[PDB]
């Protein structure tokens, strides 16, 4: 067997021990691994091919295998008794020595010189804007009670999803770029990949919940007010987060959370299971994007057909808000102006709906800031559209499509996916006037006194 062929067989057998049930499955994997390590010892590496067989740098590689086999014979000693958990622990101790000391020989992967300075700058810029911007969002909702009650309790949950990724996986990846390889343990590796899972999948379901909320508030407005929103939204936020944790659990059994050297980050691997990725691409992207598209399609058609919009009085300047109605004159909140019977008059000057003009040009802050929440979704769609397309190609047939997918395109796709984590408070400030005011209000508060 070749040195390159034996290296691949030694790695996939190490993954078998993690997904193993019986100690016999562990013992079968370690016997296959011990024999593969011995055949690899009597083979010359391609990097140090010009080096002497008894060179001080080649003899050091020979001792590395003896220290690796040394870890295998201790691991099968535990497995022969019956202890699976005790043998899987020694198997990871061998996995750490195989990626740190045996990594000197060979290196099939050749990453371009641009994937390191871009990844680092992008993560620095993302982490910096994320920690400040998304913190201001948390602070603005906690202080202002008007915004908080206007269905923007989900924004705190969406901001927390964005914030957690900047505090734990992003700084470790930045260390992994500068140290060239995952400098942290296997424990921190799978955890970082899991934290990112919550942050991405949890954000999709936070956006959907917002789209359904803004769908039920604009369309079927009267039916909405009949349904309580007091204890309902903290329950919905709790539910979508527990739904995310459930959807992320098959990664632990399949073994899809591993270090990807192409993007220097420990993330989810698309080639680990074509069945699981199919669900991640369809059930956790294509399907929720489609239902959100249906939600905002019904809102934009109402704005286009000039449905519930503000109506200003051409006599006393009374602005009729469909979100408020005219409850004292019998017009319950949620009623459209086109639905109030002709006998209705202005509750200030007493002039009929005949002499009433509509407020042309919709503000982005209007209808629980539907235009701002729409942009948020469109931005999320653009950011995660290429990666889900790459995962879709692998889910169909990775025997020919996976090696054909360029490494450059993968990094470019992953760069957008990370950048999304800081973009949300930027669109809040640019489009929502109330958010813009609150951003200045927090900044001027701690800056002056």
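Numbering follows the first chain given and starts at 1.
- Task: Would you mind comparing 357 to 365 and 320 to 328 for me and telling me which has the higher average C-alpha temperature factor in the entry?
- Result: For C-alpha atoms only, the mean B-factor is higher in 357 to 365.
* To do: Please work out which of 399 to 407 and 56 to 64 has the higher mean CA B-factor as recorded in the PDB entry.
  => Comparing 399 to 407 with 56 to 64, the higher mean C-alpha B-factor belongs to 56 to 64.
In terms of CA temperature factor as recorded, identify the highest of 153, 84, 345, 254.
That would be 84, according to the entry.
Next on the checklist: By the CA temperature factor listed in this entry, which of these ranks top: 142, 379, 100, 119?
Outcome noted: That would be 100, according to the entry.
How does the C-alpha B factor of residue 167 compare with the rest of the chain: lowest, middle or highest third? For residue 167, whose C-alpha B-factor we compare with every modelled residue in the chain, the answer is the lowest third.
task = Comparing against every modelled residue in the chain, figure out the third that the C-alpha B-factor of residue 284 lands in (lowest, middle or highest).
result = CA B-factor rank for residue 284: middle third.
*residue 264, C-alpha B-factor rank within chain (lowest, middle or highest third)*: It belongs to the middle third of the chain when residues are ordered by C-alpha B-factor.
Should residue 277 be placed in the lowest, middle or highest third of its chain by the C-alpha B factor in the entry? According to the entry, residue 277 has a C-alpha B-factor in the chain's middle third.
For residue 109, does the deposited CA B-factor place it in the lowest, middle or highest third of the chain? Top third by C-alpha B-factor.
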